[PDB]
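*Asks:* What would the 3D arrangement of this be:
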Amino acid sequence: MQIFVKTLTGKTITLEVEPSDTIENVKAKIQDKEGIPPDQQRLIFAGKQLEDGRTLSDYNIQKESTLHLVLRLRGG
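*Replies:* Numbering: from 1, shown residues only. Pasting the structure now:
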């Protein structure tokens, strides 16, 4: 399924994911496409910070949803 990741630069990127994927795996996909190290990535959905060990499904993230990406420490 496709999801959107809205960054703070005004760029939105698209990802192909499964609801069984971990949040950790999603951050790896973002590093693959944009080059951002996972430990700099804070992902937010429905007002919740997403935990690396949980899955998209745990958060009820459905197709065509948008996550918000905020960068910490170095990227923020």
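
*Asks:* now the helices for this structure?
*Replies:* Using DSSP state H, the helices found in the chain span residues 23-34.

*Asks:* Spatially central residue for it, please.
*Replies:* By Cα atoms, centre = their mean, the chain has its centre lying nearest to residue 43, at 5.0 Å.

*Asks:* can you pull the contacts of it?
*Replies:* 5, 23, 26-27, 49-50, 67-69 (Cβ atoms under 8 Å, 6 or more residues apart in numbering). To be clear about C-beta, it is placed using only N, CA and C from the backbone, and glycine gets the same treatment.

*Asks:* got it, and residue 67?
*Replies:* Contacts of residue 67 (Cβ under 8 Å, 6+ apart): 3-6, 26, 43-45, 50, 61.

*Asks:* nearest residue to residue 6 other than its sequence neighbours?
*Replies:* residue 12 (4.8 Å; Cβ to Cβ, 6 or more residues apart in numbering).
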